[PDB]
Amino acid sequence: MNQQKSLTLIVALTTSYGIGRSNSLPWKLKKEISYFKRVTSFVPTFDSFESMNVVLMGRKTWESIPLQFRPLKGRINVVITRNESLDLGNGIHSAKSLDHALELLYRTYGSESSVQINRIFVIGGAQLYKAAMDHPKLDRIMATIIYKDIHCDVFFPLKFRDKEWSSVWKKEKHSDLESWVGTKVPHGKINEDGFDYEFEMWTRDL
């Protein structure tokens, strides 16, 4: 048991690929947070009482969510840490690597589980993003592009939107995005508190 399912990466980044500053988000986008919640939470109604999505995150990203928004609700949370000394959590799983987390979910949630897994999402940070980028099951990127050069100190590891990667990663039609996400999403740019941003979906053939 290891991988059958595809992986989906979800990120909010500037046109310079900046993803963060001083172990937090250098922007306050309340509607950007609501899209995240929605995307990472959505499960088809037919499958809504048995299934759930999984959110995989690096230990620094875990330390970043307000104590108040931990764990992410209605989703299975898995923290990747080598230094799993003692991860505190009443059913928050810890796994030492990306593949180590996949076999743990595959083990902990099989046919004999009252809880089934729908979608698997990598939600950050930079180091976990580097590992997912290299994983042979990663085929989709949900990106939020922020059209401002906001000073950042952590960058997204692969320039997926750049010409060097244009035969690999392709941006999908907005109707393709809303269908995957199962709901309707804002087309065009969104301005909220001085930042212009937009929602995109990139995919690659495995």
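Numbers follow the displayed sequence, beginning with 1. Rigid core (definition): largest C-alpha set, two forms, superposition within 1.5 Å.
A fit on the rigid core, followed by a root mean square over CA positions in 7 other deposited structures of this protein, ranks 161-169 against 40-48 and picks 40-48 as the more shifted one. The stretch that strays farther, by root mean square C-alpha distance over structures and residues in 7 other deposited structures of this protein after a rigid core fit, is 18-26, when 18-26 is set against 184-192.
Taking only CA atoms, the mean B-factor in the PDB entry is higher for 25-33 than for the other of 137-145 and 25-33. Relative to its counterpart among 146-154 and 164-172, 146-154 has the higher mean temperature factor, C-alpha atoms as listed in the PDB entry.
Ranked within its chain, residue 92 lands in the highest third, by CA B factor from the PDB record. Among all modelled residues in its chain, residue 99 ranks in the lowest third by Cα B-factor. Annotation for residue 17: C-alpha temperature factor in the lowest third relative to the rest of the modelled chain, per the entry.
In the deposited entry, the Cα temperature factor of residue 38 sits in the middle third of values across the chain's modelled residues.
For residue 115, the recorded CA B-factor ranks within the highest third of the chain. Only modelled residues enter the ranking.
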